[PDB]
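Engineer: Starting from these lines, generate the structure:
(one chain, ligands or ions: 7)
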Amino acid sequence: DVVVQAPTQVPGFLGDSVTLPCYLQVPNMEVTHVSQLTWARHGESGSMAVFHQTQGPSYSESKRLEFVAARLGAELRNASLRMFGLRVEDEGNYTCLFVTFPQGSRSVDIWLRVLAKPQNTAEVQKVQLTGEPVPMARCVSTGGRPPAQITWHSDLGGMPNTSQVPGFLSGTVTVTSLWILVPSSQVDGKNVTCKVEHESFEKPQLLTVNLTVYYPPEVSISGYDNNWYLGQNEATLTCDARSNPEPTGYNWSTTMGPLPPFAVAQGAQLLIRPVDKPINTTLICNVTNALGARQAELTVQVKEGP
Ligand SMILES: *[C@@H]1O[C@H](CO[C@@H]2O[C@@H](C)[C@@H](O)[C@@H](O)[C@@H]2O)[C@@H](O[C@@H]2O[C@H](CO)[C@@H](O[C@@H]3O[C@H](CO)[C@@H](O)[C@H](O[C@H]4O[C@H](CO)[C@@H](O)[C@H](O)[C@@H]4O)[C@@H]3O)[C@H](O)[C@H]2NC(C)=O)[C@H](O)[C@H]1NC(C)=O
Ligand SMILES: *[C@@H]1O[C@H](CO[C@@H]2O[C@@H](C)[C@@H](O)[C@@H](O)[C@@H]2O)[C@@H](O[C@@H]2O[C@H](CO)[C@@H](O[C@@H]3O[C@H](CO)[C@@H](O)[C@H](O)[C@@H]3O)[C@H](O)[C@H]2NC(C)=O)[C@H](O)[C@H]1NC(C)=O
Ligand SMILES: *[C@@H]1O[C@H](CO)[C@@H](O[C@@H]2O[C@H](CO)[C@@H](O[C@@H]3O[C@H](CO)[C@@H](O)[C@H](O)[C@@H]3O)[C@H](O)[C@H]2NC(C)=O)[C@H](O)[C@H]1NC(C)=O
Ligand SMILES: *[C@@H]1O[C@H](CO)[C@@H](O[C@@H]2O[C@H](CO)[C@@H](O[C@@H]3O[C@H](CO)[C@@H](O)[C@H](O)[C@@H]3O)[C@H](O)[C@H]2NC(C)=O)[C@H](O)[C@H]1NC(C)=O
Ligand SMILES: *[C@@H]1O[C@H](CO)[C@@H](O[C@@H]2O[C@H](CO)[C@@H](O)[C@H](O)[C@H]2NC(C)=O)[C@H](O)[C@H]1NC(C)=O
Ligand SMILES: *[C@@H]1O[C@H](CO)[C@@H](O[C@@H]2O[C@H](CO)[C@@H](O)[C@H](O)[C@H]2NC(C)=O)[C@H](O)[C@H]1NC(C)=O
Ligand SMILES: *[C@@H]1O[C@H](CO)[C@@H](O)[C@H](O)[C@H]1NC(C)=O
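Structural biologist: Numbering: from 1, shown residues only. Ligands and ions are numbered 1, 2, ... in the order given. What follows is the structure:
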C-alpha cells in the first residue's frame, strides 16, 4: 500500500526558514499515479500551498512558501515544503496530502514547533559576610523560545530564585535565575554550575561560576609536635591563614608582649631556635588583611625528656 512519510514534529526557528518534509513511500511492487499535492494549515477552509503534476505550483502568499523538490512533469513523490521567515503565528499543525490514483488521497499531520535558541550568561555576584541569604551567582538565558529551564548544581546547594521578562522577538522569554545562599568563608573559590536546558541545544549547556566571598582572616598555627626538646634543630612554624582578599600583614608576638629571643619571626613563619633551658610561651599570630585583623593562639613547650 501507498503510505505518506513525514516527521511528527518539525522545529522551527523564529525569523529563519524551515523545510517541512513530506514524502510518499510507494512499494515498488504496485503502481500509482499522484496527480497533485496539497499542504494545508489546520482547518483553514482550504489550502495553503498546492503543486500539480502538470499545472505546477500555487501559493496562498507566493513570497513565503516554496516546494523544495516537487518538479513539473516528473512523478510526484516529494511534497517537501520550505517556508521562509517563521513567526510565532506560524506554529501549528499542518496537513500534507497527496492525491493519488487509484488509492485515493493519503495525508499526514505535521506539528511545526517554532522556537528560538537563546544564549546565556553567568556571573558571580561578589558577596560580603552578610547574615542574610543573598544572591551569590546569577544565570541568564536571554531570548528563549520556549523559555529555557535553568537549574543549579553544586556541592553546596542553596536556594534558586528564578524569574523571567519577555524577550526581544515576540514569543521569546529571557529567564534570569539567581542562586541565593547564606555566604560563608569556606565557599569562596568554590564551584557552582548553572545548567541551561533547552530543546534547541545539542545538549544541556553548562555554565560554571567561581564563587567569591570576602572575609576577615581565619588563622591557625601549625608546626608543633609536643615533643620539642632542648638542643634540637631549628624547627619552624607556619601561620596558616585563609582570607579574602589575600592577607596584607603578618605580625608575630607572644602572650607576654615581645617575642622571646629564641623565636625569630620570618614573615608568615616563626623560626624556633635551639633552647639552652626549658621555656613556655603562648604565641600570637596577628594577621591583617584588607578587611580586618584576626589572630590565633598556641602554647608551646620545650623540655628535656630522653
Ligand atoms: C499539533 O498536533 C498535535 C497532535 O495531537 C493531535 O492534533 C492536535 C491539533 C489536536 O487535534 C489533538 O487532539 C490531536 O490528537 C497537538 O498536540 C496535542 O494537543 C492535545 C490537545 O491540545 C494535547 O492534549 C493534552 O494531552 C496531555 C498529555 O499528552 C494531557 O495532559 C492534557 O490534559 C489536559 O488537557 C485536557 C484537554 O485537552 C483536559 O481534559 C485535562 O483535564 C487536562 O487539563 C491534554 O489532554 C496533547 O498533549 C498533544 N498530543 C500530542 C501527541 O502531543 C498540537 O497541539 C498541535 N500543534 C500545535 C502548535 O497546537
Ligand atoms: C612551662 O610551664 C609548665 C606548666 O605548664 C602548665 O600549663 C601552662 C599553660 C600554665 O598554666 C602553667 O602554670 C601550667 O603548669 C611548667 O611546669 C609546671 O609547673 C607547675 C608548678 O609551677 C606544675 O604544677 C604542678 O601541678 C600538678 C598538677 O597539675 C601537681 O601534681 C604538681 O605537684 C605541681 O603542683 C605543673 O605540673 C608543671 N607542668 C608540667 C607539665 O609538669 C614549667 O616549669 C614551665 N617551663 C619552665 C621549665 O620554666
Ligand atoms: C525530498 O526532497 C528534499 C529536498 O530536495 C530532500 O531534502 C534535502 O535534500 C538535500 C540534498 O539531497 C539534503 O542535503 C544534502 O545534505 C547536506 C547536509 O546533510 C546539505 O548541507 C546539502 O544540501 C546536501 O546536498 C538534505 O539533507 C535534505 N533535507 C532534509 C530535511 O531531509 C529530502 O531528503 C527528500 N526526502 C526523501 C524522503 O527522499
Ligand atoms: C576560582 O578562581 C580563583 C581565581 O580567581 C582560583 O584561585 C587561584 O587558585 C590557584 C590554586 O588553586 C592559585 O594558583 C597557585 O598560584 C601559585 C602562585 O601564588 C602558583 O605557584 C601555583 O602553581 C598555583 O597556580 C592562584 O594563585 C589563585 N588565584 C588568585 C588570583 O589568587 C580558584 O582556584 C578557583 N576555584 C575553583 C573551585 O575553581
Ligand atoms: C524569589 O525572589 C523574588 C525577588 O527577590 C521575590 O520577590 C519578592 O517577593 C517578596 C515576598 O512576596 C516581596 O515582598 C518583594 O517585594 C519581592 N522582591 C522583589 C525584588 O521583587 C520572591 O519572594 C521569591 N519567590 C519565591 C517563590 O520564593
Ligand atoms: C571549577 O570550574 C572550572 C571552570 O571555571 C573548571 O575548570 C575547567 O577544568 C577542566 C579540567 O578539569 C578544563 O578542561 C577546562 O578547560 C576548565 N575551564 C576553564 C574555563 O578553564 C574546574 O574543573 C572546576 N573545579 C572544581 C573543583 O569544581
Ligand atoms: C593587630 O595588628 C594591627 C595592625 O597594626 C593593630 O592595629 C591591631 O590593634 C592588632 N591587634 C591585636 C589584638 O594585636
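Engineer: Relative to ligand 4, which residue of the stretch 1-150 of the chain is the closest?
Structural biologist: Taking C-beta to the nearest ligand atom, ligand 4 has its nearest neighbour within the stretch 1-150 of the chain at residue 124, 9.2 Å off. C-beta here means a position set from N, CA and C on the backbone, and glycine is covered the same way.
Engineer: mind listing what the helix or strand that residue 298 is a member of pairs with, with the direction of each?
Structural biologist: Secondary structure assigned from DSSP states H and E places residue 298 in strand 293-303. According to DSSP bridges, strand 293-303 has the following sheet partners: strand 228-229 (parallel), strand 280-288 (antiparallel).
Engineer: is that strand anywhere near ligand 7?
Structural biologist: Yes: for strand 293-303, a contact with ligand 7 is found by C-beta under 6 Å from any ligand atom, at 293, 295.
Engineer: Leaving out sequence neighbours, find the closest residue to the residue of the stretch 1-150 of the chain closest to ligand 4.
Structural biologist: residue 209 (4.5 Å; C-beta to C-beta, 6 or more residues apart in numbering).
Engineer: other SSEs contacting the helix or strand hosting the one you found?
Structural biologist: Element membership for residue 209 (DSSP H and E) is strand 205-210. Here strand 205-210 touches strand 119-124, strand 191-197, going by 3 or more C-beta pairs under 8 Å, 6 or more residues apart in numbering; DSSP states H and E.
Engineer: Highest mean neighbour count across these, which stretch is it?
Structural biologist: By mean neighbour count, with neighbours taken as mean count of other C-beta atoms under 10 Å, strand 191-197 ranks first of the helices and strands packed on strand 205-210 at a mean of 19.
Engineer: Around ligand 4, which positions in the stretch 51-200 of the chain sit nearby?
Structural biologist: 189, 190, 191.
Engineer: mind listing what the residue of the chain found nearest ligand 6 touches?
Structural biologist: Minimum separation of the chain from ligand 6 (C-beta to the nearest ligand atom) falls at residue 191, amounting to 3.2 Å. Under the criterion of C-beta atoms under 8 Å, 6 or more residues apart in numbering, the neighbours of residue 191 are 154, 155, 208, 209, 210, 211.
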